[PDB]
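Residue numbers (UniProt numbering), protein chains in the order written: chain H, 50 to 193; chain F, 146 to 290; chain G, 2 to 384; chain R, 339 to 384; chain D, 291 to 338; chain E, 2 to 49; chain X, 50 to 97.
Built from N, CA and C at the ideal position, the CB exists for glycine as well.
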Amino acid sequence: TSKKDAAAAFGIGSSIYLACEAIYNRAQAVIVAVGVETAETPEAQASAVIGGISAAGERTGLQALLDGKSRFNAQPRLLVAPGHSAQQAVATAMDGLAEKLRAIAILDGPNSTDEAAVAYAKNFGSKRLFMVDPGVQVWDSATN
Amino acid sequence: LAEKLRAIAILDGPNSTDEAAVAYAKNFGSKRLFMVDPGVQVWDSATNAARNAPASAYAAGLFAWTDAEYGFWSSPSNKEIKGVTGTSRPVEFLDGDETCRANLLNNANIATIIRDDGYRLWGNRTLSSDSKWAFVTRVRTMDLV
Amino acid sequence: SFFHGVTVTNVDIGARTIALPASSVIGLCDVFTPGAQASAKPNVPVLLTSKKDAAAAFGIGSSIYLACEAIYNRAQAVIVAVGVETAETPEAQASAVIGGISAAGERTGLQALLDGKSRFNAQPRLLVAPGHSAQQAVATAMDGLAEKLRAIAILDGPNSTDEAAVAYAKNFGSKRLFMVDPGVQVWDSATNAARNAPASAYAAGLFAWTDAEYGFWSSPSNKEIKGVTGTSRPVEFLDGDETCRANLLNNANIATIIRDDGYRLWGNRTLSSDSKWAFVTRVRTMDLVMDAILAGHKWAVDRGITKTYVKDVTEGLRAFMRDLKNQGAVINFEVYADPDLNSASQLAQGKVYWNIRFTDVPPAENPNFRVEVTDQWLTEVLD
Amino acid sequence: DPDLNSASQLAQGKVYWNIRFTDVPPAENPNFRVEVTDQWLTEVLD
Amino acid sequence: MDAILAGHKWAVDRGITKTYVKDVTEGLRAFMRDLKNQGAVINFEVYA
Amino acid sequence: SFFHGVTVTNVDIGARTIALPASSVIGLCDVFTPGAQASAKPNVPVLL
Amino acid sequence: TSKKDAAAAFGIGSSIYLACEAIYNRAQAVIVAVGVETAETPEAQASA
């Protein structure tokens, strides 16, 4: 529920705290953040964000957002996986998850040319998908 | 078994070209048979890559979704298939051309997956030799009333 | 108990909204010399949206940048430009402009404009091959291409005498062919002199300017051409002579560029054999309301023919033509589901028929005035 | 059932009824027949 | 006959809408009315 | 299923307009002297 | 009836849970799943 709460939970400087910093600098919001461990390859990173169900019988990746109402009484309405939603597999997993929550899954296309943005937006056809193409250039406090 | 339970058996042919799928659907000349030929390409968590799904359980998810939102009297084609990152042997349907290989597959009473990176179904036809029962809406509603 | 609890449903039975597909995308295919200053491969389509982007893709001074400079100095349009390489013989130069398909199944020449919607979401409506449309081989393959895109393939005849243009326009007889005969004499800043332009891209910018200024239902046949300095082989239109040299080319379905300093387009007729599809306004408005309906009713492909389905397609089709009628595009209309075709057998096969009759706005190419003197009111100066 | 409910079968004690219904067909081919006429051109006079 | 011929060269490809014939006629009635109260004509009748 | 999809067809059943071909085009044939100042050939037609 | 019960009954990595994940990602339905063991010969896996 605050910017200091995200740095206390996920550590300051992580790639999900940098998304909570992006939200709390503009609005005063309430985030149900999942947080996954950093996988080795960018292929196996998409396994972590999509997730599924663990061997212990528990949802892991984006699927754990369905516990937002049963555990916090906060059902999410904006589904954001920043950076990983540019992959076709994660954006389709968040496509059907946005109908299990009646949420608006805010996608973001690839940061390449505009031809590769219309070719990416021609894959979805779903009414609960909002796509923001151009990559924002923001100041990094780590690498200055 | 579909005549016993009054169900609709959702089939799927091989992942070869259309010449091998039309020749497979000619064996079936009865209703309660729904053919979805082109294989859905889905992402696998084990190999961390794409996997050719048989695309028989994705039409079943589309059949079970349209009965919740629209109803059992509604055809599940022109509705979005979700969880799909593409189609093995991608089917062409450009604007309205009858020369496309999508309409050359629907004329064998075979539902297809047509859009760019495969995001909807295409076809209402069952594999029936009767002109009356050549609709998956009429077979689903007669067997339910 | 089918369900024990609250059932909140979204019925989704309303009428939809039909929009127009922007009517102003220009297909271009002209030669250029590829290298380090040109960032375009010599057969792929490039989406040029500005004058600086046409120079960064094809290079300054190329024969296709000079056609993009012709459009962007008159209008502000979207150019889907292909670009090709120079052939050694002009007999085999027409084969590179037409193209066809490659060894890898990729369309190369003018056929690459069919990828304009699948790649850039911009389907071209003006098919312009400047300089190469004077050959009959390119223009026959551009008319057949204009039936694939529902476009108006803008031609330009040879810059010889007027009989060479009448004999060139006799071959076609197609309603998607708009021909501008006299070659524009334009300033060339590469040689610091005045060259002769093929006068096809200058009429392309006139079509794309009136769509942004007066609408897609408006003929460009009275509007100014900006970039020119004159006209090669000047044609004559004096005041009101129906036997002028300019009017005899419009009578042979050929548009012209008439006045001193060459600043008017004159002619709104296609090369149509039928007198129905003569005006380029009626051909343009028909392809725009046949493509808005086709690409706007992709929601209604398996919705189920109920009584409220046909009633909410028609009332969403009536509102499309009504929003065109007060806009000025059509005069009146009559949208109605056909009772004589929507039988109980045709509905059972999944076939529903709708009729959209309408009248377009014809361009007033000949306003007559019948002036007379009389002595009817002569006894009115009496009190 | 009009052709089966006979007086000779009423004594058997077995009357017949028919349940017919017309199912909603999916609109798999929504044709549009759009034409350009010159009927309302005289409407442009006042 | 030359004021009308050289003064209506804007209306060569405007398109026949209801406001076109309205504003050519009512732009032509004002030309003859400005001739009537100037003294050139006595009366007029301009109509499509 | 002979076609699955939207079918927009222009039926093209209007009544066509007929125009008058040419009021006065004058065919001429009289003698002349071909040479330097005369740009015509002594048998081909010349549109004047 | 849910994705948890389809993974509790058959386990992840099973070919029938991959079918149940295909249904529950799109709809929310009741699945009567049988589940069989893998046969060696594919000529008799259809008989299984």
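Rounded to whole angstroms, what is the Cα-Cα separation between residue i and residue j?
i, j, result
"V45/G", "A205/G", "21 Å"
"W218/G", "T232/F", "42 Å"
"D384/G", "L379/R", "43 Å"
"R283/F", "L289/F", "10 Å"
"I14/E", "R358/G", "11 Å"
"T162/F", "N248/F", "14 Å"
"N193/G", "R285/G", "38 Å"
"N160/H", "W210/G", "33 Å"
"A142/G", "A68/G", "20 Å"
"residue 1/G", "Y73/X", "Nothing about residue 1/G can be read from this structure; chain G reaches only from 2 to 384."
"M287/F", "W278/F", "10 Å"
"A57/H", "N269/F", "55 Å"
"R246/F", "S63/H", "49 Å"
"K326/D", "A293/D", "15 Å"
"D182/G", "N254/F", "53 Å"
"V12/G", "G305/G", "13 Å"
"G132/G", "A170/G", "16 Å"
"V9/G", "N356/G", "36 Å"
"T90/H", "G228/F", "22 Å"
"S24/G", "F121/G", "15 Å"
"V139/H", "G174/H", "15 Å"
"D324/D", "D240/G", "25 Å"
"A123/H", "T109/H", "18 Å"
Which partner residues of residue i appear in the DSSP bridge assignment?
i, result
"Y337/D", "Beta-bridge pairing links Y337/D to no other residue."
"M180/G", "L156/G"
"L29/G", "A82/G and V129/G"
"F280/G", "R270/G"
"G231/G", "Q186/G"
"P46/E", "In DSSP, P46/E forms no bridge with anything."
Only counting the same chain, and skipping five residues up and downstream in sequence, which positions put a Cβ closer than 8 Å to that of residue i?
i, result
"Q112/G", "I99, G100, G101, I102 and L146"
"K224/G", "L207, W210, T211, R265 and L266"
"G184/G", "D157, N160, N197, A198, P199, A200, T232, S233 and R234"
For residue i, count neighbouring C-beta atoms within 10 Å of its own C-beta (all shown protein chains included) and say buried if the count is 16 or more, exposed if not.
i, result
"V7/G", "exposed"
"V32/E", "exposed"
"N369/G", "exposed"
"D262/F", "buried"
"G158/G", "buried"
"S2/G", "exposed"
"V331/D", "exposed"
"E92/G", "exposed"
"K352/G", "buried"
"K52/X", "buried"
"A76/H", "exposed"
"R260/F", "buried"
Using a Cβ-Cβ cutoff of less than 7 Å, which residues in the same chain neighbour residue i once the five nearest sequence positions on both sides are dropped?
i, result
"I65/G", "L29, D31, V32, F33, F59, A82 and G84"
"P125/G", "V26, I27, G28, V81, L114, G117, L150 and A152"
"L49/G", "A55, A58, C69, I80 and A82"
"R319/D", "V336"
"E316/G", "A16"
Might you give, ordered along the chain, the residues of its own chain that have their beta carbon closer than 6 Å to the beta carbon of residue i, omitting 5 neighbours on each side?
i, result
"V311/G", "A338"
"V47/E", "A41"
"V281/G", "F179, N269 and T271"
"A154/G", "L128, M143, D144, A147, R177 and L178"
"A78/H", "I72"
"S273/F", "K176 and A279"
Residues from the region 256-287 of chain F in contact with chain R, defined by Cβ distance under 8 Å: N269, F280, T282, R283, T286 and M287
When Cβ atoms are compared, which residues of the region 236-257 of chain G fall closer than 7 Å to chain D? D240 and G241
Proximal residues, the region 14-34 of chain E versus chain G, C-beta separation under 9 Å: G15, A16, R17, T18, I19, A20, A23, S24, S25 and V26
Any residues in the region 342-375 of chain R with a beta carbon nearer than 7 Å to a beta carbon of chain G? Which ones, in chain order? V362, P363, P364, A365, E366, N367, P368, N369, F370, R371, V372, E373, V374 and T375
Along the region 146-176 of chain F, where does the CB come closer than 9 Å to a CB of chain H? Name the residues. none
What are the residues of the region 216-232 of chain F that lie near chain H, defined by any Cβ-Cβ distance shorter than 7 Å? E225, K227, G228, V229 and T230
What residues in the region 87-116 of chain H have a beta carbon less than 9 Å from any beta carbon of chain X? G101, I102, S103, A104, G106, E107, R108 and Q112
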